[PDB]
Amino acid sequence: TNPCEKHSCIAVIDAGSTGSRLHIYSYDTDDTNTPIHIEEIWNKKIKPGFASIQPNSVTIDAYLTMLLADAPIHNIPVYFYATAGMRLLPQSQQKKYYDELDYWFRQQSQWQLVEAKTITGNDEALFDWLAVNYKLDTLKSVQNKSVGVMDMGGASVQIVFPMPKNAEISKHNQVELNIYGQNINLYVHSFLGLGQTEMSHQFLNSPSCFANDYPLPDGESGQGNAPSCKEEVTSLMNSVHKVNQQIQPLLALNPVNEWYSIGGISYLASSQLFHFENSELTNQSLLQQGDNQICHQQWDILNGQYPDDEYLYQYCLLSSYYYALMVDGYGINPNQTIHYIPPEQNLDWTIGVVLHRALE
């Protein structure tokens, strides 16, 4: 069956720093003119990130072909929204990618490209919050409790939580959201360069951040120690990006009742090396487990034991970095529960585009 003959469908592509994800969503619309019954009918994920590849015709064609060709329905509107991988590039370079992408869509007749563009980290943060709250079913009715969302990406990280309008804070970090007939005010922030790829490029020669005897590029050996690695990463969070000074005073005044994390942290928390129950973690436990299971283990043995985890070599660093970000940066308690969403649910920010077509 094609659901799109009886329900509205659109395609939304998350063109993220590490890869692109096509989603086709079916949905209906209610009397407030808001989508309801949003269902993902198709997903395809490819690597590497769109902004990583040579912006020539042959390369872009192979990539877009790989992403789209085998989709079960093509005669629908397409939203191509890139995030921090593209925001790392000069605007003149991004234009080369979008001109090639526009050309590609012009050479076929089925997909109807509505928009292709780089969205800001603040737009991405809004979509992050909408996507999680749609899955929680907390959008249709006014909530008594405060839901905070973090998106732990490769090139940027987002934090977003309810906060009344504040005249002392940049208009860019505040959004007023009207959805299902309710008004929601949110604080949004994205930290470009603090996603896990970009952050890691500052610590590749830090022995404390790699498993024992991991070969660092400078010829020294890993000698993992999560608390020590964490203190190194905290200097990038706070001395450089001032995460603490920006975020902590706001969260102190606008406490969050429930935290949800999406993005790459869900793959780490779900890996064989870790144990968490109920799809939730705490920072204390994530740092301890990373320390015990990776930082203080022998690299060759670990590499041979988990030959499928192409991210394994960074697990000591990532466990340390997530703690630095959430605890030292955002000021979240080490023993505070953080919910994460199984990666197999495909929950990125793209549901937020279905719900909310404007950009700020």
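Note that residue numbering begins at 1 and tracks the sequence as displayed.
- Of the two segments, 28-36 and 311-319, the one listed with the higher mean B-factor is 28-36 (C-alpha atoms only).
- Stretches compared: 79-87, 254-262. Higher mean C-alpha B-factor in the entry: 254-262.
- Across the options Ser190, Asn278, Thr234, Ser221, the residue with the most elevated CA B-factor in the record is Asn278.
- Across the residues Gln288, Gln196, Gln143, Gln202, the deposited record lists the maximum Cα B factor for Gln143.
- In the PDB entry, a CA B factor belonging to the lowest third of its chain's modelled residues is recorded for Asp14.
- Annotation for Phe210: CA B-factor lies in the lowest third of the chain's modelled residues.
- The deposited CA B-factor of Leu355 belongs to the middle third of values across its chain.
- Per the deposited record, the Cα B-factor of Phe274 falls in the highest third when ranked against the other modelled residues of its chain.
- Split the chain's modelled residues into thirds by C-alpha temperature factor. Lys95 is in the highest one.
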